[PDB]
Amino acid sequence: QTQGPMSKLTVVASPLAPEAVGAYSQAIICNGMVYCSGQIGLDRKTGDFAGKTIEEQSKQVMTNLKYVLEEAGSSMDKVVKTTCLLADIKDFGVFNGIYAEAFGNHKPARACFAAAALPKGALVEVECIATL
Amino acid sequence: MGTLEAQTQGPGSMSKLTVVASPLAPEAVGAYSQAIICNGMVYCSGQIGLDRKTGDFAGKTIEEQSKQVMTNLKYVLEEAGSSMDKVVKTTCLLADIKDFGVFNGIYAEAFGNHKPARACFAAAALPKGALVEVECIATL
Amino acid sequence: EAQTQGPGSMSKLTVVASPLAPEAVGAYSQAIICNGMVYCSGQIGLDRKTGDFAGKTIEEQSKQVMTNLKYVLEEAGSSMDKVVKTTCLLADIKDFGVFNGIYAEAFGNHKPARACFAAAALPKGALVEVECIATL
């Protein structure tokens, strides 16, 4: 329900996902679609990476994405398309296992690649578009 | 379950998110779909130069893989009810930036006179050893 | 405010062609509008006024990229304040801090969703490329 003179773009700010400090928001909702920033494997509780391994960072990324999606009114089952960026193509298999477990039976469209490097030395970054 | 001849086929045959599954494009075996349709738009996965008929790459060269990528995109789009002419935006990823020129020629030939918005870059490496990967959004 | 100008003047897809941003001389358009959303190509730091990069540095190219994006968006009928999501690509991750200062300056108080990474390389040896989706 409306709370006085709702806008075309809505900022999503989950207190469970890493804080968007800086020139970006965790996600923006526009015309019923949720446009999510590329999450990295930071744990909001410590402000640091969940660990130094692709396994630990990948699990934290997928958890962070869930937090943002649920905050927006969306969910993992409503994700339309993801893009999955790795610091090292050799880590793609371990990533894929964790990604598949996080989505269960739901299978978004996807594009993946190894970047030359990611912000903050992250080993993995995942962004997505979802629906309400 | 799915629609046939652009008509519903029972509760379950139509839903907010529709999985696109062309038997002509590489099979999506793992945790992704070739494309997802949502609110009249088709969100396509990054195609790589695999030939569904063999389960393997169309060839070892940038020319053969780029042609296969474009053809695969066409199969997925047309399966969804879209087409190359309805592509809105692509992202073109290369394993070697020096391949930009040859890739561009094949990409342009596939789109004819249609000109999607585009972003291009060379990745450090692509899934499955691909030389080229192209994803896109299109409209129905 | 805008009105149709005869059958064929308006279509499902609209090409955005700002004369102030670098001309799209290849098989692409600066942006495409579809169903009230504007899908912008990756801008690199070319200056329309010269036809060359604004400068050799990350500072000059980042400022020019943000300006180019603003020109495409305003041509389309959108604006920096209506940007929903950007993807920011760098030739070198060490340039992230300088790029980010210029990006934040350009957006002011508006905070789109964002993904960033360094590529192995960008077209024409560009140091920075930024694409986006925005609403009308």
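Neighbour counts run over all protein chains shown; Cβ positions are idealised from the backbone, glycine included. A short reminder: the numbers here are calculations on the coordinates, not readings from a lab.
Charged side chains reduced to their Cβ positions (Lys and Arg at +1, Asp and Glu at -1) give the protein assembly as shown a dipole of some 360 debye around its Cα centre.
Per residue, the convex hull spanned by the alpha carbons of segment A:57-116 comes to 78 Å³. Computed over the alpha-carbon pairs of the protein assembly as shown, the distance histogram in 10 Å steps reads 5, 23, 35, 27, 9, 1, 0 percent, short to long. Calculated mean residue ellipticity at 222 nm for the protein assembly as shown: -7500 deg cm²/dmol, from DSSP H runs with n ≥ 4 weighted as -39500 (n - 2.57), summed, divided by the residue count and rounded to 500.
Here A:42, B:140 are placed in order of increasing Cβ neighbour count within 10 Å, fewest first, which gives B:140, A:42. Counting only alpha carbon atoms, the long axis of helix C:96-107 and the longest principal axis of chain C meet at about 30°. I'd like the orientation of helix C:58-76 relative to chain C: the angle between its Cα long axis and the longest Cα principal axis, in ° from 0 to 90, rounded to 10. Tilt relative to chain C: about 10 degrees. Using only Cα atoms, locate the centre of segment A:77-132 and the centre of segment C:93-135, then give the distance between them in Å, rounded to an integer. Spelled out, the Cα-based centre of one part sits 20 Å from the other. For segment B:1-103, the set of trypsin sites (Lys or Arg not before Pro) satisfying both a DSSP loop assignment and a count of at most 11 other C-beta atoms within 10 Å is given as B:53, B:60. Restricted to Cα atoms, segment B:1-106 shows a radius of gyration and a Dmax of 15.2, 51 angstrom. The residue among C:2, C:99, C:112 whose Cα reaches farthest toward the positive pole of the charge dipole of chain C, with charges on the beta-carbon of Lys, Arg, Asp and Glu, is C:112.
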